[PDB]
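First, one chain by itself in structure tokens, the form deposited in one PDB entry.
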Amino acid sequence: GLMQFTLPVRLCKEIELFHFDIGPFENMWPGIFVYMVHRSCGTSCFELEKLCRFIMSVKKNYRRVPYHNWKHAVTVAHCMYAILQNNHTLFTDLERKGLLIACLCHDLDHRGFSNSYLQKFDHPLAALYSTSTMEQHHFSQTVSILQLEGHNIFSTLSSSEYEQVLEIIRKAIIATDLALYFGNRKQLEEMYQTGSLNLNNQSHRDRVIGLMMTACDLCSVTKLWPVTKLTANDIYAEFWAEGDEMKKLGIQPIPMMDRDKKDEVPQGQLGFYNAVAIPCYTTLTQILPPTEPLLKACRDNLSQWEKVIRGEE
């Protein structure tokens, strides 16, 4: 256990910042993740051989799709790392263990299609899981990989601690269904404003961890503008392929997914920042003040989309 992972200087410094981009070198992403586990959890948290085997099977179970791919998994895990490292004393040891794994696993075996497309196509997954269809699938894939021989990274926990970590992971992964975010955020907003928010209340922590999951999942809007803008291309590449598959079933896609409305993307981003992203980081910053850099970066990117609309960029 004298075997620390170490990053080149620029990465060692910049990985601590919320806006870090993990880079185009896929083969460095596993080491970046182990580095983050070792600092946010400890060199004691997992056996290195088991953790390495788990990461590589997780990678193999992400698909070659434009956005919901292995790079997205590691990107979402890094945003969680930055949240955890900026709120040293707010989280339990089980939470530090579970949440980086949940982030790495949270889109396992994504096919690049929405819950709504699986329901309209009548995919078998839509009959097995009637709500949060893909997110129940991602959690089921995580359990599968944890059960492969030599892949049980939680083997040193008691039965009850193992049950607890798998429940943190399950709830964190379900919470990445954006349909559930609007309601979660409204309850958190009321709880904060009436001062009823209690981090010793388990159902309150669960809500706060859900919002952390949304914030990490949406973190492309918190990056430097060139990263944000190029990530948006990948996001729409998926939506528009789904739009094409909606038109093949004889269904007009929603505007978000209709490549004929390419021109409105700037205005679509404004709506998304104002309805989803800004509210997300605003409520997160109220509950967890040291996450403010996420809100500040989001607002800078909103202002860049505003520039695009005025043709100033």
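Numbering starts at 1 and follows the sequence shown. Under this definition, the rigid core comprises the largest set of C-alpha atoms superposing within 1.5 Å between the forms. Only residues modelled in both forms are compared.
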Do the CA atoms of 53-61 or those of 37-45 have the higher mean B-factor in the entry? 37-45
Entry B factor averaged over C-alpha atoms, 83-91 against 208-216: higher for 83-91
Considering only 257, 284, 277, 28, which residue's Cα atom bears the greatest B-factor as recorded? 257
Maximum C-alpha temperature factor, selected from 176, 156, 75, 233: 156
Going by the CA temperature factor in the PDB record, which third of the chain does residue 147 belong to: lowest, middle or highest? highest
So where's residue 289 on the chain's Cα temperature factor ranking, which third? highest
Sorting by Cα B-factor within the chain, modelled residues only, which third would residue 170 end up in: lowest, middle or highest? middle
According to the PDB entry, is the CA B factor of residue 188 in the bottom, middle or top third of its chain, that is, lowest, middle or highest? highest
Place residue 224 in the lowest, middle or highest third of its chain's C-alpha B-factors, as listed in the PDB entry. middle
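Heads up, the form deposited in another entry isn't pictured, but that's what we're talking about next.
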The mover among 244, 263, 49, 26 between the shown form and the other one, judged by a CA shift of 2 Å or more on the rigid core, is 26
Large-shift segments between the shown form and the other one, meaning 3+ residue runs whose Cα move 2 Å or more when the rigid core is superposed: 1-10, 23-27
